[PDB]
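Chemist: Okay, here's the structure, questions in a sec.
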Amino acid sequence: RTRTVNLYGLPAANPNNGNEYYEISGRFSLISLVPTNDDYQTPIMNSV
Amino acid sequence: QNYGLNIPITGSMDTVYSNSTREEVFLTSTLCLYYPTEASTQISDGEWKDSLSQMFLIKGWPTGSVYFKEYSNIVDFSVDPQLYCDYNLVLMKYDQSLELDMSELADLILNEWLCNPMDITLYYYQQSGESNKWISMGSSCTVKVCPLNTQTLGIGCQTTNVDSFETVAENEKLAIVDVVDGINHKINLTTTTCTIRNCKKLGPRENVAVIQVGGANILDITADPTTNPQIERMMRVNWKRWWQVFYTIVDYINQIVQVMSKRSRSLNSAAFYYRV
Ligand SMILES: *[C@@H]1O[C@H](CO)[C@@H](O)[C@H](O)[C@H]1NC(C)=O
Ligand SMILES: *[C@@H]1O[C@H](CO)[C@@H](O)[C@H](O)[C@H]1NC(C)=O
Ligand SMILES: [Ca+2]
Ligand SMILES: [Ca+2]
Ligand SMILES: [Ca+2]
Ligand SMILES: [Ca+2]
């Protein structure tokens, strides 16, 4: 009952649309650092 | 000074025999037994130590001289068997599939071994000759060897892939392993539990005697297969009742110690000479 009809978008009036939540799945890769002194790395030693 | 090691002792063939010495060896030595827990369990007692001690006293040993020791079983006694004691008699119950470990224990205690340490993760190790073995003792001694050729590359096995290593004794408490003498080897032995020593075999520890209780004579103390000598210190008595076994021991103790000797005792209760 208004001027604005057939506009593409998503207003903030009722975004949930009766849903408890919107979900998304996927894979999540990470290459972050970490301290590992438990190695105490000088074993690759040459057995002789 | 030496004790006279390189000086001859001219004797004679007409000197008269000096008289008996059984009394003095009884009054000096200390007899000592190693029996399984099964023996006490079947005896169902706890004054039996006292009864046996008094029987030995009537047999001719002073009171504080017979010492009893208990081990759970042969394989568990095999892990560092410390003979804390002077005349050792190891009663040993035979049961099938314990042939090899029982023989290994008999070898280890009957013969004197000079053992050096081994650092498994670092160095390769040979066996010098016929008298050398590797003795591995601990809670779980799984031994996997990889022999190396002239080019330091394993034969039948790659030094990197431990699966290809040839297993030579798995999950024993004691393992006396021989390998072809003159080839370097890489060993993968579970260093947390088991410890492995490079042991030469000196002459016989002619103090401890082993009394097998069950089946036929099987103890091949000599790892070489061409020879299976029978030592007088390896006795074998059939049985049904542990009380009968102990009474036989007490009755015939004089003969057993006459077979054994006292001079071959070491200060350490350890069953080998650790020479670092
Ligand atoms: C040694 O034993 C013999 C056995 O007849 C005995 O005659 C002798 O007296 C003993 N030696 C000593 C010093 O008593
Ligand atoms: C033996 O191999 C296992 C294989 O996982 C390894 O974990 C262990 O560190 C190795 N031990 C030695 C002494 O090389
Ligand atoms: Ca292999
Ligand atoms: Ca063994
Ligand atoms: Ca050998
Ligand atoms: Ca043999």
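By convention here, the chains of the structure tokens are called A, B, ... in the order presented, each chain's residues are numbered starting at 1, and ligands are numbered starting at 1 in the order presented.
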Compute the chain B side of the contact with chain A at 8 Å, counting only C-alpha atoms, and hand it back as number ranges by chain.

Modeler: B: 121-124

Chemist: Using only C-alpha atoms, which residues sit within 9 Å of range 223-237 of chain B once same-chain residues fewer than 5 positions away are excluded, as a count of residues only?

Modeler: 22

Chemist: Please extract the residues of range 20-201 of chain B with a backbone DSSP assignment of helix (DSSP H, G or I) and present them as a ChimeraX atom specification.

Modeler: /B:22-28,37-43,48-59,63-65,74-77,99-110,162-164

Chemist: Name the residues, by chain letter and number, that sit within 10 Å of ligand 4 using only C-alpha atoms and all ligand atoms, and give them as a VMD selection string.

Modeler: chain B and resid 75 78 to 79 98 to 108 135 to 137 141 169 to 177

Chemist: Could you save those same residues with N, CA, C and O atoms as an mmCIF file, in the first residue's frame?

Modeler:
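Wrote again-v3.cif, looks like this:
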data_model
loop_
_atom_site.group_PDB
_atom_site.id
_atom_site.type_symbol
_atom_site.label_atom_id
_atom_site.label_comp_id
_atom_site.auth_asym_id
_atom_site.auth_seq_id
_atom_site.Cartn_x
_atom_site.Cartn_y
_atom_site.Cartn_z
ATOM 1 N N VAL B 75 59.420 -65.898 34.261
ATOM 2 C CA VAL B 75 59.640 -64.785 33.345
ATOM 3 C C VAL B 75 59.755 -63.471 34.110
ATOM 4 O O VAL B 75 60.566 -62.608 33.760
ATOM 5 N N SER B 78 62.980 -63.176 35.789
ATOM 6 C CA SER B 78 64.060 -62.966 34.836
ATOM 7 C C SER B 78 64.463 -61.503 34.703
ATOM 8 O O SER B 78 65.576 -61.227 34.249
ATOM 9 N N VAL B 79 63.597 -60.560 35.068
ATOM 10 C CA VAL B 79 63.908 -59.140 34.900
ATOM 11 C C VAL B 79 64.826 -58.725 36.047
ATOM 12 O O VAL B 79 64.378 -58.455 37.161
ATOM 13 N N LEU B 98 57.427 -72.157 28.203
ATOM 14 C CA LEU B 98 58.454 -71.451 28.954
ATOM 15 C C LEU B 98 59.832 -72.070 28.763
ATOM 16 O O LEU B 98 60.761 -71.716 29.493
ATOM 17 N N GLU B 99 59.983 -72.976 27.794
ATOM 18 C CA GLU B 99 61.267 -73.631 27.573
ATOM 19 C C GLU B 99 62.374 -72.609 27.359
ATOM 20 O O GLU B 99 63.398 -72.631 28.051
ATOM 21 N N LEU B 100 62.169 -71.679 26.427
ATOM 22 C CA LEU B 100 63.255 -70.790 26.035
ATOM 23 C C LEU B 100 63.563 -69.770 27.120
ATOM 24 O O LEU B 100 64.733 -69.507 27.405
ATOM 25 N N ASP B 101 62.541 -69.170 27.728
ATOM 26 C CA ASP B 101 62.813 -68.158 28.744
ATOM 27 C C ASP B 101 63.391 -68.792 30.001
ATOM 28 O O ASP B 101 64.258 -68.206 30.660
ATOM 29 N N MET B 102 62.935 -69.995 30.339
ATOM 30 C CA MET B 102 63.529 -70.734 31.445
ATOM 31 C C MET B 102 64.991 -71.058 31.165
ATOM 32 O O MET B 102 65.851 -70.896 32.041
ATOM 33 N N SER B 103 65.295 -71.490 29.940
ATOM 34 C CA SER B 103 66.680 -71.748 29.566
ATOM 35 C C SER B 103 67.512 -70.478 29.627
ATOM 36 O O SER B 103 68.670 -70.507 30.052
ATOM 37 N N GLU B 104 66.947 -69.356 29.186
ATOM 38 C CA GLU B 104 67.680 -68.099 29.212
ATOM 39 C C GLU B 104 67.985 -67.670 30.638
ATOM 40 O O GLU B 104 69.095 -67.216 30.930
ATOM 41 N N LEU B 105 67.011 -67.796 31.540
ATOM 42 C CA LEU B 105 67.270 -67.467 32.936
ATOM 43 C C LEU B 105 68.354 -68.368 33.506
ATOM 44 O O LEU B 105 69.246 -67.902 34.229
ATOM 45 N N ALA B 106 68.280 -69.667 33.206
ATOM 46 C CA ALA B 106 69.293 -70.593 33.695
ATOM 47 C C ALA B 106 70.670 -70.200 33.193
ATOM 48 O O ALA B 106 71.635 -70.183 33.958
ATOM 49 N N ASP B 107 70.774 -69.863 31.909
ATOM 50 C CA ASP B 107 72.042 -69.407 31.354
ATOM 51 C C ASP B 107 72.544 -68.179 32.096
ATOM 52 O O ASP B 107 73.694 -68.136 32.560
ATOM 53 N N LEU B 108 71.662 -67.190 32.264
ATOM 54 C CA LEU B 108 72.055 -65.908 32.832
ATOM 55 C C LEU B 108 72.590 -66.068 34.245
ATOM 56 O O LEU B 108 73.609 -65.463 34.597
ATOM 57 N N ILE B 135 71.885 -58.899 26.041
ATOM 58 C CA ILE B 135 70.907 -59.277 27.054
ATOM 59 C C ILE B 135 69.999 -58.084 27.274
ATOM 60 O O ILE B 135 70.466 -57.001 27.645
ATOM 61 N N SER B 136 68.706 -58.278 27.045
ATOM 62 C CA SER B 136 67.712 -57.218 27.120
ATOM 63 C C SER B 136 66.722 -57.562 28.218
ATOM 64 O O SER B 136 66.078 -58.614 28.163
ATOM 65 N N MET B 137 66.597 -56.677 29.205
ATOM 66 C CA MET B 137 65.788 -56.923 30.390
ATOM 67 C C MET B 137 64.913 -55.716 30.681
ATOM 68 O O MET B 137 65.346 -54.570 30.526
ATOM 69 N N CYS B 141 60.450 -56.145 26.448
ATOM 70 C CA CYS B 141 61.621 -56.102 25.579
ATOM 71 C C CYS B 141 61.238 -56.690 24.229
ATOM 72 O O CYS B 141 61.311 -57.899 24.017
ATOM 73 N N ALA B 169 63.076 -60.936 19.158
ATOM 74 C CA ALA B 169 62.469 -61.403 20.400
ATOM 75 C C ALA B 169 61.437 -60.374 20.816
ATOM 76 O O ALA B 169 61.787 -59.208 21.013
ATOM 77 N N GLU B 170 60.181 -60.794 20.953
ATOM 78 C CA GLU B 170 59.072 -59.881 21.194
ATOM 79 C C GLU B 170 58.469 -60.145 22.566
ATOM 80 O O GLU B 170 58.174 -61.293 22.911
ATOM 81 N N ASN B 171 58.300 -59.074 23.341
ATOM 82 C CA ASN B 171 57.526 -59.100 24.581
ATOM 83 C C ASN B 171 58.028 -60.159 25.557
ATOM 84 O O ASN B 171 57.241 -60.895 26.153
ATOM 85 N N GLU B 172 59.345 -60.248 25.717
ATOM 86 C CA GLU B 172 59.947 -61.007 26.801
ATOM 87 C C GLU B 172 60.420 -60.063 27.893
ATOM 88 O O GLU B 172 60.802 -58.923 27.618
ATOM 89 N N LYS B 173 60.378 -60.541 29.136
ATOM 90 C CA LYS B 173 60.994 -59.795 30.223
ATOM 91 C C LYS B 173 62.510 -59.907 30.163
ATOM 92 O O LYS B 173 63.220 -58.975 30.552
ATOM 93 N N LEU B 174 63.024 -61.044 29.696
ATOM 94 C CA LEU B 174 64.450 -61.250 29.484
ATOM 95 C C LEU B 174 64.643 -61.889 28.122
ATOM 96 O O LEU B 174 63.934 -62.838 27.776
ATOM 97 N N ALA B 175 65.604 -61.377 27.359
ATOM 98 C CA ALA B 175 65.922 -61.923 26.043
ATOM 99 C C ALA B 175 67.431 -61.893 25.861
ATOM 100 O O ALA B 175 68.026 -60.814 25.802
ATOM 101 N N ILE B 176 68.045 -63.067 25.794
ATOM 102 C CA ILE B 176 69.449 -63.208 25.427
ATOM 103 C C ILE B 176 69.470 -63.499 23.936
ATOM 104 O O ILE B 176 69.132 -64.609 23.514
ATOM 105 N N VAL B 177 69.865 -62.514 23.132
ATOM 106 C CA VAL B 177 69.809 -62.616 21.680
ATOM 107 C C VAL B 177 71.227 -62.685 21.136
ATOM 108 O O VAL B 177 72.104 -61.908 21.543
#

Chemist: Do you know which residues are within 8 Å of ligand 1 using only C-alpha atoms and all ligand atoms? Can you write them as a PyMOL selection string?

Modeler: chain B and resi 18-20

Chemist: Within 10 Å of ligand 2, counting only C-alpha atoms and all ligand atoms: which residues, as a PyMOL selection string?

Modeler: chain B and resi 119-122+142-144+159-163+165+186-192

Chemist: Those residues with N, CA, C and O atoms, as a PDB file, in the first residue's frame please?

Modeler:
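Contents of again_23.pdb, freshly written:
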ATOM      1  N   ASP B 119      74.058 -47.756  23.806  1.00  0.00           N
ATOM      2  CA  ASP B 119      73.193 -46.630  23.461  1.00  0.00           C
ATOM      3  C   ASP B 119      72.564 -46.961  22.115  1.00  0.00           C
ATOM      4  O   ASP B 119      73.197 -46.824  21.067  1.00  0.00           O
ATOM      5  N   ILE B 120      71.307 -47.396  22.152  1.00  0.00           N
ATOM      6  CA  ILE B 120      70.686 -47.973  20.967  1.00  0.00           C
ATOM      7  C   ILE B 120      70.429 -46.909  19.912  1.00  0.00           C
ATOM      8  O   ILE B 120      70.663 -47.135  18.720  1.00  0.00           O
ATOM      9  N   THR B 121      69.931 -45.741  20.319  1.00  0.00           N
ATOM     10  CA  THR B 121      69.495 -44.765  19.328  1.00  0.00           C
ATOM     11  C   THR B 121      70.665 -44.206  18.531  1.00  0.00           C
ATOM     12  O   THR B 121      70.475 -43.768  17.392  1.00  0.00           O
ATOM     13  N   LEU B 122      71.875 -44.220  19.096  1.00  0.00           N
ATOM     14  CA  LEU B 122      73.024 -43.575  18.464  1.00  0.00           C
ATOM     15  C   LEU B 122      73.858 -44.533  17.619  1.00  0.00           C
ATOM     16  O   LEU B 122      73.990 -44.339  16.409  1.00  0.00           O
ATOM     17  N   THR B 142      60.824 -55.823  23.311  1.00  0.00           N
ATOM     18  CA  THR B 142      60.667 -56.186  21.910  1.00  0.00           C
ATOM     19  C   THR B 142      61.886 -55.661  21.164  1.00  0.00           C
ATOM     20  O   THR B 142      62.195 -54.467  21.232  1.00  0.00           O
ATOM     21  N   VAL B 143      62.598 -56.560  20.495  1.00  0.00           N
ATOM     22  CA  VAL B 143      63.867 -56.250  19.854  1.00  0.00           C
ATOM     23  C   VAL B 143      63.705 -56.467  18.360  1.00  0.00           C
ATOM     24  O   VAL B 143      63.307 -57.553  17.925  1.00  0.00           O
ATOM     25  N   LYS B 144      64.009 -55.434  17.582  1.00  0.00           N
ATOM     26  CA  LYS B 144      63.995 -55.507  16.130  1.00  0.00           C
ATOM     27  C   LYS B 144      65.344 -55.023  15.631  1.00  0.00           C
ATOM     28  O   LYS B 144      65.726 -53.877  15.888  1.00  0.00           O
ATOM     29  N   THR B 159      66.904 -48.777   7.125  1.00  0.00           N
ATOM     30  CA  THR B 159      67.102 -48.225   8.459  1.00  0.00           C
ATOM     31  C   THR B 159      66.050 -47.188   8.824  1.00  0.00           C
ATOM     32  O   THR B 159      65.862 -46.907  10.011  1.00  0.00           O
ATOM     33  N   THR B 160      65.358 -46.616   7.839  1.00  0.00           N
ATOM     34  CA  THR B 160      64.352 -45.602   8.131  1.00  0.00           C
ATOM     35  C   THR B 160      63.006 -46.227   8.479  1.00  0.00           C
ATOM     36  O   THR B 160      62.325 -45.763   9.399  1.00  0.00           O
ATOM     37  N   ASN B 161      62.612 -47.276   7.761  1.00  0.00           N
ATOM     38  CA  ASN B 161      61.297 -47.893   7.922  1.00  0.00           C
ATOM     39  C   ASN B 161      61.407 -48.995   8.968  1.00  0.00           C
ATOM     40  O   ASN B 161      61.861 -50.102   8.676  1.00  0.00           O
ATOM     41  N   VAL B 162      60.979 -48.692  10.195  1.00  0.00           N
ATOM     42  CA  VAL B 162      61.163 -49.626  11.300  1.00  0.00           C
ATOM     43  C   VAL B 162      60.320 -50.880  11.132  1.00  0.00           C
ATOM     44  O   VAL B 162      60.602 -51.899  11.768  1.00  0.00           O
ATOM     45  N   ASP B 163      59.282 -50.840  10.294  1.00  0.00           N
ATOM     46  CA  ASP B 163      58.487 -52.041  10.071  1.00  0.00           C
ATOM     47  C   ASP B 163      59.306 -53.135   9.404  1.00  0.00           C
ATOM     48  O   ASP B 163      59.104 -54.321   9.686  1.00  0.00           O
ATOM     49  N   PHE B 165      62.341 -53.882   9.883  1.00  0.00           N
ATOM     50  CA  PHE B 165      63.303 -54.486  10.793  1.00  0.00           C
ATOM     51  C   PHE B 165      62.873 -55.901  11.148  1.00  0.00           C
ATOM     52  O   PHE B 165      61.685 -56.194  11.295  1.00  0.00           O
ATOM     53  N   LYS B 186      71.340 -52.048  13.470  1.00  0.00           N
ATOM     54  CA  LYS B 186      70.540 -50.974  14.037  1.00  0.00           C
ATOM     55  C   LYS B 186      69.379 -51.605  14.787  1.00  0.00           C
ATOM     56  O   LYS B 186      68.616 -52.382  14.208  1.00  0.00           O
ATOM     57  N   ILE B 187      69.252 -51.271  16.065  1.00  0.00           N
ATOM     58  CA  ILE B 187      68.291 -51.902  16.961  1.00  0.00           C
ATOM     59  C   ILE B 187      67.208 -50.891  17.299  1.00  0.00           C
ATOM     60  O   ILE B 187      67.497 -49.712  17.522  1.00  0.00           O
ATOM     61  N   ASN B 188      65.958 -51.347  17.313  1.00  0.00           N
ATOM     62  CA  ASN B 188      64.822 -50.533  17.736  1.00  0.00           C
ATOM     63  C   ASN B 188      64.229 -51.186  18.976  1.00  0.00           C
ATOM     64  O   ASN B 188      63.397 -52.089  18.872  1.00  0.00           O
ATOM     65  N   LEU B 189      64.654 -50.719  20.152  1.00  0.00           N
ATOM     66  CA  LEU B 189      64.282 -51.328  21.429  1.00  0.00           C
ATOM     67  C   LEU B 189      63.795 -50.256  22.401  1.00  0.00           C
ATOM     68  O   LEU B 189      64.583 -49.772  23.215  1.00  0.00           O
ATOM     69  N   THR B 190      62.536 -49.827  22.240  1.00  0.00           N
ATOM     70  CA  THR B 190      61.619 -49.456  23.320  1.00  0.00           C
ATOM     71  C   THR B 190      62.321 -48.954  24.577  1.00  0.00           C
ATOM     72  O   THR B 190      62.135 -49.520  25.658  1.00  0.00           O
ATOM     73  N   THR B 191      63.131 -47.903  24.451  1.00  0.00           N
ATOM     74  CA  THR B 191      64.086 -47.570  25.504  1.00  0.00           C
ATOM     75  C   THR B 191      63.427 -47.240  26.837  1.00  0.00           C
ATOM     76  O   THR B 191      64.090 -47.331  27.874  1.00  0.00           O
ATOM     77  N   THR B 192      62.148 -46.861  26.845  1.00  0.00           N
ATOM     78  CA  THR B 192      61.518 -46.449  28.096  1.00  0.00           C
ATOM     79  C   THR B 192      61.427 -47.603  29.090  1.00  0.00           C
ATOM     80  O   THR B 192      61.692 -47.415  30.282  1.00  0.00           O
TER      81      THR B 192
END

Chemist: Select the residues contacting ligand 5 at a distance of at most 7 Å, based on only C-alpha atoms and all ligand atoms, then format the selection as a short mmCIF file (atom, residue, chain, number, x, y, z; two decimals) with C-alpha atoms, in the first residue's frame.

Modeler:
data_model
loop_
_atom_site.label_atom_id
_atom_site.label_comp_id
_atom_site.auth_asym_id
_atom_site.auth_seq_id
_atom_site.Cartn_x
_atom_site.Cartn_y
_atom_site.Cartn_z
CA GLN B 127 78.98 -59.17 18.41
CA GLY B 129 82.66 -63.66 18.90
CA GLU B 130 81.13 -66.86 20.18
CA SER B 131 80.97 -65.72 23.81
CA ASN B 132 79.13 -62.41 23.26
CA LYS B 133 75.38 -61.82 23.44
CA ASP B 178 72.65 -63.76 19.44
CA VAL B 179 73.13 -62.45 15.91
CA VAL B 180 75.69 -63.29 13.24
CA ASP B 181 79.03 -62.08 14.54
#

Chemist: Running DSSP on the backbone, which parts of range 173-268 of chain B land in strand (DSSP E), as a list in words?

Modeler: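 In range 173-268 of chain B, DSSP puts these residues in strand (DSSP E): residues 173, 174, 175, 176, 177, 185, 186, 187, 188, 195, 196, 197, 198, 199, 200, 201, 202, 203, 204, 209, 210, 211, 212, 234, 235 and 236 of chain B.
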
Chemist: Could you save those same residues with C-alpha atoms as a CSV table (one decimal), in the first residue's frame?

Modeler:
chain,number,residue,atom,x,y,z
B,173,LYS,CA,61.0,-59.8,30.2
B,174,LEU,CA,64.5,-61.2,29.5
B,175,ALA,CA,65.9,-61.9,26.0
B,176,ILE,CA,69.4,-63.2,25.4
B,177,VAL,CA,69.8,-62.6,21.7
B,185,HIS,CA,73.1,-53.6,13.4
B,186,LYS,CA,70.5,-51.0,14.0
B,187,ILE,CA,68.3,-51.9,17.0
B,188,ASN,CA,64.8,-50.5,17.7
B,195,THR,CA,67.4,-51.9,28.8
B,196,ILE,CA,69.9,-53.8,26.6
B,197,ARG,CA,73.5,-54.6,27.5
B,198,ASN,CA,76.4,-56.0,25.5
B,199,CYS,CA,77.5,-59.0,27.6
B,200,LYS,CA,80.5,-61.2,27.2
B,201,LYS,CA,80.3,-64.6,28.9
B,202,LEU,CA,83.1,-65.5,31.2
B,203,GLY,CA,83.4,-68.8,33.0
B,204,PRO,CA,80.6,-70.4,35.0
B,209,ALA,CA,72.4,-74.1,41.2
B,210,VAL,CA,69.1,-74.6,39.4
B,211,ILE,CA,66.6,-77.2,40.4
B,212,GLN,CA,64.0,-77.9,37.7
B,234,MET,CA,71.4,-78.3,36.9
B,235,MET,CA,69.2,-80.7,38.9
B,236,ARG,CA,65.9,-82.1,37.9

Chemist: List as a list in words the protein and nucleic acid residues near residue 66 in chain B, meaning an atom at most 12 Å away when only C-alpha atoms are counted, but skip any in the same chain fewer than 4 places from it.

Modeler: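 The contact residues come out as residues 26, 27, 28, 29, 30, 31, 32, 33, 34, 49, 50, 51, 52, 53, 54, 55, 56, 57, 59, 60, 61, 62, 85, 86, 87, 88, 89, 250 and 253 of chain B.
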
Chemist: Find the residues near ligand 3. Use a cut-off of 8 Å, count only C-alpha atoms and all ligand atoms, and write them as a PDB file with N, CA, C and O atoms, in the first residue's frame.

Modeler:
ATOM      1  N   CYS B 146      68.199 -54.586  12.390  1.00  0.00           N
ATOM      2  CA  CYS B 146      68.385 -54.434  10.949  1.00  0.00           C
ATOM      3  C   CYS B 146      69.879 -54.554  10.685  1.00  0.00           C
ATOM      4  O   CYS B 146      70.645 -53.673  11.126  1.00  0.00           O
ATOM      5  N   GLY B 156      67.783 -56.629   3.637  1.00  0.00           N
ATOM      6  CA  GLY B 156      66.457 -57.086   3.981  1.00  0.00           C
ATOM      7  C   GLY B 156      65.620 -56.078   4.735  1.00  0.00           C
ATOM      8  O   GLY B 156      64.477 -56.392   5.095  1.00  0.00           O
ATOM      9  N   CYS B 157      66.143 -54.879   4.982  1.00  0.00           N
ATOM     10  CA  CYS B 157      65.459 -53.882   5.789  1.00  0.00           C
ATOM     11  C   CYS B 157      66.107 -52.531   5.549  1.00  0.00           C
ATOM     12  O   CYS B 157      67.322 -52.449   5.366  1.00  0.00           O
ATOM     13  N   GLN B 158      65.292 -51.481   5.552  1.00  0.00           N
ATOM     14  CA  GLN B 158      65.776 -50.113   5.450  1.00  0.00           C
ATOM     15  C   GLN B 158      65.818 -49.494   6.838  1.00  0.00           C
ATOM     16  O   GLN B 158      64.887 -49.658   7.629  1.00  0.00           O
ATOM     17  N   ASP B 163      59.282 -50.840  10.294  1.00  0.00           N
ATOM     18  CA  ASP B 163      58.487 -52.041  10.071  1.00  0.00           C
ATOM     19  C   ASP B 163      59.306 -53.135   9.404  1.00  0.00           C
ATOM     20  O   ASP B 163      59.104 -54.321   9.686  1.00  0.00           O
ATOM     21  N   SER B 164      60.232 -52.763   8.520  1.00  0.00           N
ATOM     22  CA  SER B 164      61.032 -53.753   7.811  1.00  0.00           C
ATOM     23  C   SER B 164      62.072 -54.425   8.696  1.00  0.00           C
ATOM     24  O   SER B 164      62.632 -55.448   8.283  1.00  0.00           O
ATOM     25  N   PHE B 165      62.341 -53.882   9.883  1.00  0.00           N
ATOM     26  CA  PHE B 165      63.303 -54.486  10.793  1.00  0.00           C
ATOM     27  C   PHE B 165      62.873 -55.901  11.148  1.00  0.00           C
ATOM     28  O   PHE B 165      61.685 -56.194  11.295  1.00  0.00           O
ATOM     29  N   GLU B 166      63.855 -56.787  11.281  1.00  0.00           N
ATOM     30  CA  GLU B 166      63.593 -58.188  11.588  1.00  0.00           C
ATOM     31  C   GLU B 166      63.464 -58.309  13.099  1.00  0.00           C
ATOM     32  O   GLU B 166      64.409 -58.029  13.838  1.00  0.00           O
TER      33      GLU B 166
END
